[PDB]
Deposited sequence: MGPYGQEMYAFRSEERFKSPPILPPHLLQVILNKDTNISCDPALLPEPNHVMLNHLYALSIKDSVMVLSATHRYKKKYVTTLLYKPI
């Protein structure tokens, strides 16, 4: 009764998946201050002077709100 062999999948989870499905890496909101699957995703500004700015857009029924949290470290 022979031994058995394992052919193991490997890679596919070699390198992590590349980004762009349609999800933006950077969002410029200069302005002198409509997008799909970026809902629920975390965004941040660079930490400046010991403050964290966290942000995400969520949906309540048909309404969308982008929430910003200003939080010390």
### Task
Go through the deposited sequence from residue 1 and tell me which stretches lack C-alpha coordinates, in order.
1-4, 38-47
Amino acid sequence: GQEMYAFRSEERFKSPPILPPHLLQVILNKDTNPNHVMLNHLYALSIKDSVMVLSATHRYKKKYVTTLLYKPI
From here on, numbers count along this sequence of modelled residues.
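In this text, rigid core is short for the largest set of C-alphas that superpose within 1.5 Å between two forms.
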### Query
Line up the rigid core: which moves more in 5 other deposited structures of this protein, 17-25 or 50-58, by C-alpha RMS?
17-25
### Message
Over the set of other compared entries for this protein, does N40 lack coordinates in at least a third of them?
### Response
no
### Task
Could you check the entry and say whether 9-17 or 45-53 has the higher mean CA B-factor?
9-17
## Note on the structure
Avg C-alpha B-factor, entry values, 57-65 vs 18-26, higher side is 18-26
